[PDB]
Amino acid sequence: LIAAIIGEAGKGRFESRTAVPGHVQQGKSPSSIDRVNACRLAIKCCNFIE
Amino acid sequence: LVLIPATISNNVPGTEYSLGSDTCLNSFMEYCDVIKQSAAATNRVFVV
Amino acid sequence: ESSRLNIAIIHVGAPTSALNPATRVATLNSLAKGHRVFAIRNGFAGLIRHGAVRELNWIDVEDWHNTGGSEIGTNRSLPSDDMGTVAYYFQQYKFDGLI
Amino acid sequence: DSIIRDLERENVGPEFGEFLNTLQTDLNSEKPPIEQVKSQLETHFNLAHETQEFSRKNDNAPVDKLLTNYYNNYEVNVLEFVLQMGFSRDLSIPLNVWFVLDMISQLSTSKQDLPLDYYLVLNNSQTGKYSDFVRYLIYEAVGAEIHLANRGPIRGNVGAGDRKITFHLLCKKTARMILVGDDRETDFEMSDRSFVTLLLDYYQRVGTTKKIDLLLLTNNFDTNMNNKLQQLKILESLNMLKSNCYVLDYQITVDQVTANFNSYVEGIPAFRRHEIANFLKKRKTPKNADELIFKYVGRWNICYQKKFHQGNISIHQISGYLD
Amino acid sequence: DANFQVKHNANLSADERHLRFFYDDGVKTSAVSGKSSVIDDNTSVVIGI
């Protein structure tokens, strides 16, 4: 609806388009921040339960 | 007057290769890989 | 030997690329101490419906620091689906800890 | 008794109505009811020559113990969902019936079985009329003195192992009854084609999500519609068979359908894919288009593996799904 | 009674035979009755005169 309202705005001034990355949001490879933290926290999990 | 076909679609007759179709193919291929990988993580299909 | 335990790892929820690297470090940390690492494949539903437990070793962990999604499977199913069955399996595999 | 009038009315010989009088199970006796009725069928109808011949003309195959021999006790007794896709045009109605009971007895040797579901489909007009004869036969065979009906499944115990069975008989009389909400006036035409699509209409509206693990195939009358290969092809498309479903094809006569059939079942994936494609190209007309065969076309990617073959009788099992 | 006991001619795992149920094609089936309803109320009985 937001995209539809933008389109009709300015008596058809600009071309509005929707984009839905969606399930691609998970990514192909984890970032370095993710890799570094996954390691810190996994270590802390094991230290706790064990 | 010379035309060098340039479309991600490859709808122009005269060529079997339009400029930008490999760029496009590769970006969509990278997108589909991530989607299939996600399907592989969960008995699920994706309509792309 | 007396202090060695059976550790369970489960992936509950939608996929993230961070799952395999986290599971890798947790498996190595645990194996280093002599504990046995068991991966509950395909969340609680996998456990309940198929008893989908897989033992992990130093070699199994290979290439996981780079890989996205889940190698064991991730889903939003809950133990609620059948506690009794979850409890039966926890007792069978004698889990002494869970991540 | 009412059946005896129905039979005379359907041009059927009195023999049948006469059998239903001399037909009675001893119950208390060591011999299981299915086996009693079975032996009574052989006597009244003299099915000794024809059975022997059915073996003889099929390279002396054991037409009495087709299942029993091939499979071990576990394998035969694990089968729970069975579809019998008609009656052979090569055997008499009493031999065909007998064989139903005989195949049934074969899967019920054990006392360590989960329930059995057996579906008999009597597709053409030739056999269709004997539904009630078969129903009174299966009723006595199982001994449904547990708790017959105009419609519906016959439930009881069966064989050497008293294995709970539920025998389902799909024919046009039951299909008409259904369509007219059980009205007295069920006298209207119904083509074998219509009948196949209504059987499906029922599977999808009844909800059934159980897989057939033994598929009995033969040469039925009305091959234009009741074509062996075409029935298999359909079941493959609708995802109705178990991933290790057994496909038994029995008969005496060898024709082109049997060649077409065997070349498909035993064909390489490339052969099957073309088999399908060229049929569609050669046989599909804009008038033909709607027929079920044009929709539920088979799947080349289903692999089979030969298990048994004694001249004209064979067992193939689904061995994989390429994807 | 064998009727109330797990059936031996079935593709059953040791845990499936202990749980007395198995998941067939999604459907939770009783490893005894073959029925969808896993719990039979007739199995817990008072034996009297």
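Residues numbered from 1 in each chain as written, not as in the entry; some residues may be left out. Chains lettered and ligands numbered in written order. Part of a larger assembly, values for the part shown. Heavy atoms only, no water. Residues with missing side-chain atoms left out of burial classes, pairs and counts.

X-ray crystallography is the method the PDB entry lists for this structure, together with a resolution of 3.05 Å.

## Here we look at the sheet that holds strand β1 (residues 6–10) of chain C
Residues and elements named next belong to chain C. To keep things clear, this is the line we draw: Only when DSSP finds a minimum of two bridges between them are two strands counted as paired. In this text, helices come from DSSP runs of H or I with a minimum length of four residues, and strands from runs of E with a minimum of two, each type numbered from the N-terminal end. Whether two residues touch is decided by their heavy atoms; if any such pair falls within 4.5 Å, the residues are in contact. Throughout, an axis means a line fitted to C-alpha atoms (over the contacting stretch in the case of helices), and angles, computed between N-to-C directions, take values from 0 to 180 degrees.
Ordered by their spatial adjacency, 4 strands build an open sheet running β3-β2-β1-β4, and the pairing between neighbours is mixed. Only two strands of the sheet have a single neighbouring strand rather than two, namely β3 (53–56) and β4 (97–98). The pairing of strand β2 (residues 36–40) with β3 spans 4 bridges and is antiparallel. Within β3, the residue paired with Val37 across the bridge is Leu56. Where helix α1 (residues 19–32) meets the sheet, its contacts fall on β1, β2 and β3, and the angle it forms with β1 comes to roughly 180 degrees.

## With respect to the interface of chain C and chain A
Counted only if it meets this: Accessible area, probed at 1.4 Å, shrinks when two parts are joined; the buried area is that loss added up over both. For this analysis, a salt bridge means a side-chain nitrogen from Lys or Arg found within 4 Å of a carboxyl oxygen belonging to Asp or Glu. Here a polar contact means two N or O atoms within 3.5 Å. Within protein one must be a hydrogen donor candidate and the other an acceptor candidate, and residues neighboring in sequence count only if both atoms are side-chain atoms.
In this complex, chain C contributes 21 residues to the contact, which on the side of chain A involves 16 residues. Of the roughly 1400 Å² buried between chain C and chain A, counting both surfaces, carbon and sulfur atoms make up 60%. Between chain C and chain A we count 1 salt bridge in total. For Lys33(C), the salt bridge goes to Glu50(A), with nearest N and O atoms at 2.7 Å. On inspection of chain C and its partner chain A, the count reaches 5 residue pairs in polar contact. Listing elements by their share of the side of chain C that touches chain A, those giving two or more residues are α1 and β4 of chain C.

## Let's talk about helix α1 (residues 21–41) of chain B
Condition: Multiplying one less than the number of residues by 1.5 Å gives the expected span of a helix. Per-residue accessibility, obtained with a 1.4 Å probe over protein chains only, is compared with the maximum for each type, and a residue is labelled buried under 20%, exposed over 50%, and partly exposed between these values.
Compared with the 30 Å implied by 1.5 Å per residue over 21 residues, the 30 Å span of α1(B) between its first and last C-alpha is a close match. When we look at burial in α1(B), the residues that qualify are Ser21(B), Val34(B), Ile35(B), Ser38(B), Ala39(B) and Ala41(B).

## Thoughts on the interface of chain C and chain E
Each side of the interface is counted separately: chain C has 8 residues, and chain E has 7 residues. Summed over both sides, the interface between chain C and chain E buries roughly 680 Å², with carbon and sulfur atoms accounting for 48% of that surface. Interface area lost by chain C to chain E is led by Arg49(C), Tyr88(C) and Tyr89(C), which between them contribute 61%. Residue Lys28(E) is joined to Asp82(C) by a salt bridge in which the shortest nitrogen-to-oxygen separation is 3.4 Å.

## Focus on unusual backbone geometry
Of note, the phi angle at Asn10(B) is positive, near 70 degrees, even though the residue is not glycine. You can see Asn10(B) is positioned in the segment before α1. Taking the relative accessible area as the measure of exposure, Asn10(B) reaches 28% and is therefore partly exposed. The residue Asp25(E) is not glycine, and still its phi comes out positive at about 45 degrees. Mapping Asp25(E) onto the fold places it in the loop between β1 (21–24) and β2 (27–30).

## Looking at the nonpolar core
All names here are of chain D. To keep things clear, this is the line we draw: What we call a nonpolar core is a set of buried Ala, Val, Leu, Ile, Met, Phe, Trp, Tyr and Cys residues that are connected through their side-chain atoms within 4.5 Å.
Among the nonpolar cores identified, the biggest contains 59 residues, and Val97, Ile104, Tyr118, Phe133, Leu137, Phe167 and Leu214 are the most heavily contacted of them. Looking at this core, the element that brings in the most residues is helix α7 (residues 93–106), giving 9 residues. With residues near it in sequence (within four places) discarded, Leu214 still touches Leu67, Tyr71, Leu79, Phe81, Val82, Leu83, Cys245, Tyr246 and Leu248. In this structure, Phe195, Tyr264, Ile276 and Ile318 belong to the second largest nonpolar core, which totals 30 residues.

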